[PDB]
Structure formats: C-alpha cells, structure tokens
Amino acid sequence: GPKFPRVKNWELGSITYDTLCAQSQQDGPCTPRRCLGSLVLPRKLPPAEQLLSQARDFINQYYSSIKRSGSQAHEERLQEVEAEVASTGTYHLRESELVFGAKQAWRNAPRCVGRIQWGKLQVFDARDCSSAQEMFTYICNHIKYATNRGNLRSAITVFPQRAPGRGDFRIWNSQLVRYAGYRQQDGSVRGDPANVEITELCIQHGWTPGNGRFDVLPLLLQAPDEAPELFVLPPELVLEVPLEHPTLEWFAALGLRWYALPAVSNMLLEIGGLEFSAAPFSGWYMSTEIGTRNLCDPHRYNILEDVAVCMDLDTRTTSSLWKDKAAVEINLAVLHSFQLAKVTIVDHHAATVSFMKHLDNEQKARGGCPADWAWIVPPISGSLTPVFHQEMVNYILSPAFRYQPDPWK
Amino acid sequence: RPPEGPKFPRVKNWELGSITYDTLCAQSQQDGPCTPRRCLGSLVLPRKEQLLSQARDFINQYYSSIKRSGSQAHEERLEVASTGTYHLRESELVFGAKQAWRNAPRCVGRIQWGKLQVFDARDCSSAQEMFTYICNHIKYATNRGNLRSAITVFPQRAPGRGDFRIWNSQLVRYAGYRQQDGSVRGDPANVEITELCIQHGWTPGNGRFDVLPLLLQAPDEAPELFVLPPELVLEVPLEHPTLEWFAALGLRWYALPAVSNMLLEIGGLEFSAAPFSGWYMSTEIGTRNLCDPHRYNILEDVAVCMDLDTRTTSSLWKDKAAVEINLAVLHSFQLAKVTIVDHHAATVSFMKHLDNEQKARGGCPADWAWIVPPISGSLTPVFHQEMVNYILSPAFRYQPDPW
Ligand code: HEC
Ligand code: HEC
Ligand SMILES: CCOC(=O)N1CCC(Nc2cc(C)ccn2)CC1
Ligand SMILES: CCOC(=O)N1CCC(Nc2cc(C)ccn2)CC1
Ligand SMILES: CCOC(=O)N1CCC(Nc2cc(C)ccn2)CC1
Ligand SMILES: CCOC(=O)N1CCC(Nc2cc(C)ccn2)CC1
Ligand SMILES: [Zn+2]
C-alpha cells in the first residue's frame with residue numbers, strides 16, 4: 001500500500017515502512033538492473049551552489065532537533081551561513097552544532113551495530129589544533145579519556161576542517177592502535193598482516209621495528225602541507241588484554257593479546273558540507289571483531305589451525321567442523337579475558353539484541369534506520385542472532401562518516 | 001586493467017586481494033528492487049509482443065549454446081501467431097531448466113548446475129498423474145542415499161484456466177499440530193499446510209516427525225490428497241559422534257530437499273508446478289530447521305543437556321550448541337550413507353564455480369546474504385568475496401499460494 005519501502009522482520013512477523021530514506025541526498029551504487037550492496041566501497045577517490053545546499057540542510061536538521069525549526073534563530077543562522085560562504089567560500093560550525101553533527105554521523109552509520117549508544121558520545125573540540133605535536137597531545141587525551149582504565153567511553157576528537165588552498169590534517173594510521181606487520185624473509189608475516197603497509201611507512205619515517213607479534217605502532221600525524229611526523233604512544237596509555245581461555249589452560253600459553261580501545265582514525269567526518277579529514281572516534285569492541293576477524297581471518301592472525309591443533313581436532317576434513325569449534329573457543333577466550341580484566345566489551349548476542357531495540361526507537365524518531373545487513377549480522381552465529389531475520393534498507397544520510405583516499409599512495 | 005565506473009562492476013575478494021569485473025549483468029532484462037537512492041537487497045520477496053521477444057531471446061540463447069546459432073534451424077524456429085502462446089521442445093526445456101538453476105542468485109550449490117536430471121511431465125491432466133510423476137521423482141533423486149539433482153516440469157500456464165499447483169512448499173515436510181496451551185507438536189512452520197490437509201480429509205498423526213501428505217491441484221479443481229509411500233521417503237536418525245545422549249533426543253530429518261512452490265520461467269512461458277531437488281547443506285537442517293526459534297527450537301534443550309551456562313549470553317551457549325547440532329547432522333548423514341555437504345565444502349566449491357562462470361560468461365549473479373551460510377559466516381571463503389546481484393532468464397521465482 002504505502003509508497004515507501006516495506007521492511008519485514010521474519011521472526012516476529014511484524015512490518016514497518018521506511019520514510020527516512022526519502023531524505024537521502026546522496027546516491028548509492030545500486031541500480032534497478034543490479035545490486036552492488038555487497039561491495040565494501042562504492043568505487044572512487046568547494047563551490048557554493050552545492051555547499052550552501054548541504055549547509056542549510058544540515059542547519060535545518062539542527063534546529064529541528066532542538067525543536068526550534070523555523071524560529072528566528074534558525075532564519076538568522078541560515079542568513080549567517082550564506083554570508084560567511086559568499087565572502088570566503090566556506091564557513092564555521094558552532095560548538096553545539098558540531099556536537100549534533102558528530103552524533104548524527106554515528107547515528108547515520110549503516111554498518112555500525114552499536115548505534116543504540118549514538119546519544120552518549122563525548123565530543124572533543126580540537127578545531128583549534130595547529131600542529132602535529134598538538135594533534136598528538138589531543139590524541140593521547142582522547143585515549144586517556146576513552147579508555148578510562150577499562151570502563152570505556154565513546155568519544156570522538158574533531159580536528160580542523162579542510163579549506164581550499166591548504167592541506168588537510170591527517171592521521172595515516174587506520175586506527176590509533178594497530179599492531180605491526182613485519183614482512184619476513186621467508187615471505188610470511190610477523191604481526192598483523194593487515195598493517196604491513198602502514199608498518200613499512202613508519203619505519204621509513206624513522207621508526208625502529210621489533211620482531212614481536214603484537215608491537216604497538218607509532219602514529220604518523222600530518223599537519224597541513226607538511227610531512228608526517230612520528231609519535232610513539234606512551235605504553236601506559238595503551239591498555240591491553242592478554243588472552244586466556246576459561247578452562248583450556250594452554251590457550252594463555254599461545255601468547256595472544258589485544259588492545260581494549262577500538263579507535264578508527266582514517267575516516268572523513270562530513271557535516272553540513274564541511275569535511276573533517278581527521279576525526280578519530282572510539283567506542284568498545286564487540287567480541288567477534290577480535291575473536292573472529294582479527295584472530296581467525298586467514299589473512300590476519302590466522303590461528304584457527306593452531307587452536308584446533310591443541311584441541312586435538314580432525315583438521316584433515318571440513319566435515320569435522322574443526323574451524324567452527326575452534327572459532328567458538330577463541331571468541332569465548334576473548335570475552336572471558338576482557339571480563340576478567342574488567343575491560344568493556346560486548347558479545348554478538350547482546351549487541352544484536354540491543355540493536356533491534358535501537359531500530360524500534362529509530363522508527364518512532366525518524367521513521368526508519370539505514371542499515372547494512374551484511375555488517376549488522378555478526379561474522380559467527382549469524383542466524384542465531386535476531387538481526388539476521390530483520391530486513392534492512394540501506395541508504396546514505398548526512399552527517400556521515402566516509403572513506404577517503406590514503407594520504408600517500 | 002579493469003573497467004572503472006558503474007558499467008561493468010568491479011568485484012573484489014578481500015582474502016586474496018584479487019579483482020575482476022562483471023560484464024554479465026548487462027544481459028539482465030529484469031529490474032530488481034534497488035535504486036540509486038536506497039538498496040533493498042536484503043528483502044526476501046519482491047514488493048510486487050513482450051512475450052514473442054522473451055521467446056526469441058531464449059531460442060537464440062538455446063541455439064548459441066549448442067554451438068549452432070544463426071543457422072537455418074534456429075532461424076526457422078524463431079504458434080504465437082494463432083494462439084498467443086507457444087510450446088517448447090523437450091531438449092529446449094532441459095536447457096532452460098538447467099539455466100534457471102544456473103542463474104539462481106541465492107543458490108550456493110550451483111557448481112552442480114550442469115548435472116540436472118530433467119523430467120518432462122507437461123503431459124499431465126490430473127492430480128493423480130502428478131502424484132505418480134512426483135513419486136518417480138522422489139525415487140530417482142533419492143537413489144537410495146546417493147542423491148541426484150532432479151526437476152520434474154509440469155504443464156505450463158494457459159492464460160484463461162487455472163494453474164497446476166503443488167500446495168506444499170516441499171515434497172517432503174513434517175506435519176505441525178497445534179494443541180491447546182499454544183504450542184506446536186511437530187514443525188511450527190507447517191501448521192497451515194497441515195491444517196489444510198486435515199480440512200481436505202487427512203487423518204492427522206501424533207508425532208514430532210509425521211511426513212505430510214501432498215495436496216496436488218489440476219486447473220480449476222479442488223486439490224487432491226495423496227499419501228507418499230513410506231518406502232519412498234528416506235529419513236535419517238540424528239545422533240552425535242561423542243554425545244551419546246543426543247540420539248535419545250529422538251530427532252531425525254528427511255534426506256531429500258525438494259522445493260515445490262516456485263515458478264519456473266523459460267522463454268516467457270511459466271511453469272507454476274515444477275518441483276526441484278538436490279541435496280542438503282548441513283546448516284539448513286542443523287541451524288535453521290533445528291535451532292530457529294520458530295522451528296524445532298532445540299537449541300536451549302541441547303545446551304542444558306551439554307550443561308552449558310544458559311543464564312548469560314556471554315558463555316556463548318548458543319554458539320557451542322549450534323556447532324554440536326550441526327556436527328550431529330553431518331555425522332548422522334555420513335553414518336547413514338546419505339549425501340550432504342557441510343558449509344565449508346559447499347562454499348569452497350561455490351568459489352570454484354565463480355571462477356568458472358567468469359571464464360564462461362564473464363560473471364555470476366550472487367546474493368551474498370544467501371551465499372554466506374547462517375553460521376560461521378567469516379570462516380567461509382565466500383564471506384570475503386564481493387558479489388553482484390541481478391536477474392537472468394530463465395529463472396525461478398516466487399508465486400502466490402494457491403489458497
Ligand atoms: C559503543 C561501542 C560500539 C560498538 C560495539 C560498535 N561501534 Fe561502530 N562503526 C562506526 C562506523 C562509521 C562504522 C562503519 C565502518 C565502515 O563503514 O568502514 C562502524 C562499524 C562497526 C562494526 C562493524 C565492523 C565490521 O567490519 O564488521 C561493529 C561490530 C561496530 N561498529 C561496533 C562508527 C562508530 C562510532 C562513531 C562516533 C562509535 C562511537 C561506534 N561506532 C561505536 C561502536
Ligand atoms: C546439488 C545440491 C544443492 C545444494 C547443496 C543447494 N542447492 Fe539450491 N537453490 C535453488 C533456488 C531457486 C534457490 C533460491 C531459493 C529462493 O530464493 O527462495 C536455492 C537456494 C539454496 C540455498 C539457500 C537456502 C537459504 O535459505 O539460505 C542453499 C544452502 C542451497 N540452495 C543449496 C535451486 C536449486 C536447484 C534447481 C534446479 C537445485 C538442483 C539446487 N538448488 C541444488 C542445491
Ligand atoms: C573499512 C575498514 O574498517 C575496519 O577495519 N573496521 C571497521 C570499523 C572498526 N571497528 C570498530 C570501531 C569502533 C569505534 C567500535 C567497535 N569496532 C575497525 C575495523
Ligand atoms: C577499505 C579497507 O577495508 C578493509 O580492510 N576491510 C573491508 C571489509 C571488512 N569487513 C566486513 C565485510 C563484510 C562484507 C561484512 C562485515 N565486515 C574486512 C576488512
Ligand atoms: C524463500 C524461502 O525458501 C525456503 O524456505 N527454502 C528454499 C531453499 C531450500 N533448501 C534447499 C533446496 C535444494 C533444492 C537443495 C538444498 N537446500 C530450503 C527451503
Ligand atoms: C517467503 C517464505 O520465506 C521463508 O520461508 N523464510 C524467509 C527467509 C528464509 N531464508 C533466508 C533468509 C536470509 C536473510 C538469508 C538466507 N536464507 C527462511 C524462512
Ligand atoms: Zn542493492
């Protein structure tokens with residue numbers, strides 16, 4: 001009936017219609033002829049006709065959230081954003097506006113299953129930062145605050161925006177905490193295979209390696225129109241959790257571990273047409289990210305076999321589900337270890353349940369929620385999760401967090 | 001080296017770093033549900049002269065396949081005239097059926113598409129005749145445990161009269177008896193079909209695994225009940241390799257997965273009743289059929305028996321229990337000598353299939369959410385493979401229930 005997408009939950013039988021997608025101002029990669037919903041990346045790599053359009057949209061969005069849409073303040077602010085843009089080609093956001101955009105960005109992130117927390121975000125303004133040494137100080141303050149000795153707090157630090165005729169502020173690392181990936185002579189990799197390239201760039205910019213499997217990397221912080229600079233994170237700020245299993249004594253002997261703080265640092269924060277090329281954000285890990293992807297992906301630590309081997313499992317055949325049995329124990333070890341270390345973490349069952357709650361909330365608040373099924377469903381025990389059975393509608397909303405081309409090349 | 005842009009979509013594999021481009025989607029003639037505004041790829045069902053063309057495309061396609069295109073025949077072949085419709089030759093039907101399966105985006109078992117036994121039953125005119133055909137289909141495909149892929153095609157649709165239909169969603173499914181308190185004895189998924197069977201005069205059972213009778217319908221007539229010969233339905237008692245008490249659960253499952261409620265579309269013609277079968281992927285039984293909250297829902301029970309801590313999610317009792325149930329299935333089928341493939345082998349073979357199809361047609365339509373299995377998603381190779389989804393003809397599609 002309704003001229004809007006009908007989404008069904010196959011478990012509860014319930015139905016809803018998405019009206020939120022109508023506000024989308026950015027096109028996706030799908031077409032009536034073919035769905036490219038599975039692709040990780042759409043496919044690629046500041047005027048007034050178009051910037052002004054995005055700014056007002058954002059401004060309306062903001063006045064509407066404080067329930068003062070169409071008021072005097074609203075009208076004046078609009079006039080104001082046109083004034084600044086016409087005489088300079090760009091414009092600045094108010095503090096309160098920045099806090100709103102940041103939270104909306106997380107809120108709008110289709111791939112994030114932890115959005116029930118979108119409201120509890122600590123925004124740190126660092127739009128006043130003017131050097132790499134300053135970027136590094138903000139960053140450590142961020143980590144200290146977010147880590148909070150185990151009781152993690154979601155936070156984002158927003159550095160200065162882009163301005164034509166000038167280089168952006170950038171963090172070369174994909175995360176604030178990454179383990180080194182050392183290419184070996186035999187062609188293998190010591191450390192995290194994912195970070196081979198960033199590890200190599202650090203060594204070039206004067207960093208001295210170390211053949212460990214979990215050596216925290218330095219940060220390559222870049223201030224406008226200047227070569228990056230190396231900064232070593234003070235060990236005491238980087239909280240880590242050595243891994244051990246609740247009943248398998250040998251697990252601890254594997255010498256495995258992981259850091260508590262998941263802080264993405266390479267994405268672009270876009271608000272009202274403004275681009276914050278450096279805006280690291282952090283929350284707390286969902287156990288499957290560590291115990292399934294980071295540790296079990298063939299191209300990552302790839303430990304399944306090592307673990308199935310201690311378990312005395314028939315690794316000679318797929319039908320023995322050795323891979324499945326091993327992955328579960330590994331995921332359990334991660335959960336047992338964080339809880340043992342009093343470091344915040346959420347399992348995939350709890351996360352997905354709370355994500356379903358988030359959907360209902362969003363339905364009443366915005367009439368919908370952009371969600372990327374393939375990312376909302378956990379990497380293990382997919383259908384044992386409630387979100388598996390939930391049909392989702394994916395679209396692009398702003399404010400948004402987006403991908404941006406790497407600094408180097 | 002690779003198209004960039006939207007024309008031919010680049011597809012990447014994140015485990016290997018390999019990249020390819022899909023040129024096959026250009027042959028799509030049917031729009032899906034996605035828009036540049038919002039992707040609806042996760043929905044399960046569509047919100048919801050032309051013929052003469054759909055049927056030349058098929059004929060060309062068929063003639064190009066036998067390496068005999070643009071000749072005399074193909075040309076000569078390209079009834080709609082004085083009838084408004086037309087009929088396919090048998091060899092053409094076999095080719096079309098094989099292609100429908102080949103183009104199914106949600107089937108991870110497509111490595112097997114060339115190996116399909118096609119049964120032509122377009123000459124049925126009674127529910128009775130459908131039954132005999134179906135019985136022979138089950139027998140052939142089961143082949144005493146060494147399962148064979150098979151499809152039986154019934155009379156196409158004729159604009160004007162009713163459709164030949166098989167009311168059941170599957171040729172073999174277990175009855176679901178509701179029984180005041182509000183619980184189901186059997187398969188909750190089959191309450192409706194069970195009730196309809198009783199309504200149509202079937203004497204119910206009183207078991208957790210009573211095989212359901214078939215409700216077969218010839219055009220414009222009320223369906224007719226038929227009871228499958230017990231000797232025809234090969235089942236498999238479930239038990240675990242080490243958990244001795246598992247067999248005590250008294251669980252079991254049938255060996256043959258035969259879909260019967262879909263519509264087969266070939267060259268514009270629609271075959272409303274075309275049951276098709278293959279063999280199971282262990283996780284369909286062990287995860288969906290047995291663990292799903294609205295199916296046999298044995299998850300908790302098994303966890304408690306295993307003495308897991310079901311008080312908190314964090315103990316991962318659901319995860320552990322699910323794996324053991326999946327293993328039980330694989331163990332039971334192997335022990336019983338009945339064909340079946342685990343999600344690891346099937347997806348490994350599907351990856352091969354993708355390579356093949358790339359050399360063969362420059363791509364392969366695939367639905368990621370369905371290719372990746374319901375458990376252990378990222379421990380499977382397909383998880384890290386990007387996929388393109390679009391519709392090709394021939395194709396299998398949903399149709400409304402006959403009631
Ligand atoms: C409160 C704890 C929290 C949890 C648990 C959480 N997030 Fe996210 N999250 C994202 C974005 C953006 C993505 C999508 C990443 C992409 O598209 O590359 C994401 C993705 C994810 C993923 C998917 C990873 C994958 O590859 O499958 C998980 C799991 C996740 N978030 C969990 C922004 C955030 C922000 C930003 C202010 C915060 C805080 C945040 N997320 C907090 C959290
Ligand atoms: C050779 C053994 C074989 C295996 C293993 C196999 N198939 Fe499929 N398969 C389909 C179609 C059509 C679908 C998609 C069903 C839908 O969209 O409702 C499918 C879907 C599936 C699914 C996804 C189920 C889900 O809900 O996640 C699995 C797993 C599968 N097939 C496995 C037609 C076939 C045909 C028909 C000629 C044959 C034979 C066939 N399939 C043989 C096989
Ligand atoms: C596009 C590449 O994305 C990634 O590598 N990742 C996706 C995003 C990220 N995970 C996160 C981030 C947060 C803030 C909390 C929990 N988990 C790190 C892994
Ligand atoms: C752009 C860099 O991208 C990456 O490093 N990755 C991109 C994809 C990433 N995660 C995924 C992928 C899917 C399909 C579902 C959940 N999570 C694995 C690593
Ligand atoms: C749209 C809903 O589809 C289904 O419920 N089903 C369709 C898919 C079916 N599985 C199958 C089918 C075959 C032919 C072989 C192995 N597995 C399970 C039943
Ligand atoms: C229209 C009939 O639908 C159904 O019977 N079902 C609906 C969905 C079906 N399978 C699914 C669903 C997903 C999301 C992925 C793989 N397989 C299982 C039950
Ligand atoms: Zn799509």
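Chain naming here is simple, since letters A, B, ... match the order of the sequence lines and numbering starts at 1 in each. Note that ligands are numbered from 1 as they come in the structure, with each ligand's atoms numbered from 1 the same way.
- Under the salt bridge (charged side-chain N to carboxylate O under 4.0 Å, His left out) criterion, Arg173(B) pairs with no residue, sequence neighbours left out.
- With a 4.0 Å heavy-atom cut-off, ligand 1 is reached by the backbone of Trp284(A) and by its side chain too.
- Distance check: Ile380(A) CD1 to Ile375(B) CD1 gives 10.0 Å after rounding to the nearest 0.5 Å.
- The protein heavy atom nearest to atom 42 (C) of ligand 2 is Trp101(B) CZ2, 3.5 Å.
- Within ligand 2, the atoms closer than 4.0 Å to a non-hydrogen atom of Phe396(B) are 12 (C), 36 (C), 37 (C), numbered from 1 in the order shown.
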Practice item. Just do the side chain to side chain contact (heavy atoms under 4.5 Å, CB included) check on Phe333(B) and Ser282(B) with the steps written out, would you? Key: CA-CA 9 Å; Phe333(B) 268 61; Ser282(B) 57; over 6 Å; no

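- The nearest heavy-atom contact from the protein to atom 26 (O) of ligand 2 is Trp370(B) CZ3, 3.1 Å.
- Salt bridge status for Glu362(A) with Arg107(A): present, with a side-chain N to carboxylate O gap under 4.0 Å.
- Side-chain atoms of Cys364(B) and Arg110(B), non-hydrogen and from C-beta on, do get closer than 4.5 Å to each other.
- The contact set between ligand 1 and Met286(A), taken as ligand atoms under 4.0 Å from a residue heavy atom, comprises 29 (C).
- Residue contacts with ligand 2, taken as heavy atom pairs separated by less than 4.0 Å, involve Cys107(B) via backbone and side-chain atoms alike.
- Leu116(B) is listed as a side-chain neighbour of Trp101(B), based on a closest heavy-atom distance under 4.5 Å.
- Salt-bridge check for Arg37(B) with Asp27(A): failed, with every basic side-chain N at 4.0 Å or more from each acidic carboxylate O.
- The part of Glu289(A) lying near ligand 1 is the side chain, judged by heavy-atom distances below 4.0 Å.
- Residue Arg106(B) has at least one heavy-atom neighbour below 4.0 Å for each of these atoms of ligand 2: 14 (C), 17 (O), 20 (C), 21 (C), 22 (C), 23 (C).
- The nearest heavy-atom contact from the protein to atom 33 (C) of ligand 2 is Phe276(B) CE1, 3.4 Å.
- In this structure, the side chains of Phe271(B) and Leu93(B) come closer than 4.5 Å at one or more pairs of heavy atoms.
- At the shortest separation from atom 15 (C) of ligand 2 among protein heavy atoms lies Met262(B) SD, 4.4 Å.
- Atoms of ligand 1 found under 4.0 Å from any heavy atom of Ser154(A) (numbered from 1 in listed order, with element): 1 (C), 39 (C).
- Contacts between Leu121(A) and ligand 1 below 4.0 angstrom, taking non-hydrogen atoms only, involve the side chain exclusively.
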Check your understanding: Can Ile156(A) and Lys103(A) be said to form a side chain to side chain contact (heavy atoms under 4.5 Å, CB included), step by step?
Key -> CA-CA 9 Å; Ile156(A) 182 176; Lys103(A) 288 177 185 163; over 6 Å; no

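- Listed by atom number, the atoms of ligand 1 under 4.0 Å from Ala109(A) heavy atoms are 11 (C), 12 (C).
- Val264(A) is not listed as a side-chain neighbour of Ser282(A), based on a closest heavy-atom distance of 4.5 Å or more.
- Annotation: side chain of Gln117(B) is not in contact with side chain of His137(B) (no heavy-atom distance under 4.5 Å).
- Polar contact with ligand 2: present for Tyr398(B) (N/O pair, distance under 3.5 Å).
- At a 4.0 Å heavy-atom cut-off, ligand 1 touches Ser282(A) through the backbone alone.
- Here the protein contributes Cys30(A) SG, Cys35(A) SG, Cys34(B) SG, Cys39(B) SG as N, O or S atoms under 2.8 Å from the Zn ion (ligand 7).
- Put simply, the side chain of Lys357(A) reaches to within 4.5 Å of the side chain of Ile116(A), judged on heavy atoms.
- A salt bridge links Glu270(A) and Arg402(A); the closest N-O separation between the charged side-chain nitrogens and carboxylate oxygens is under 4.0 Å.
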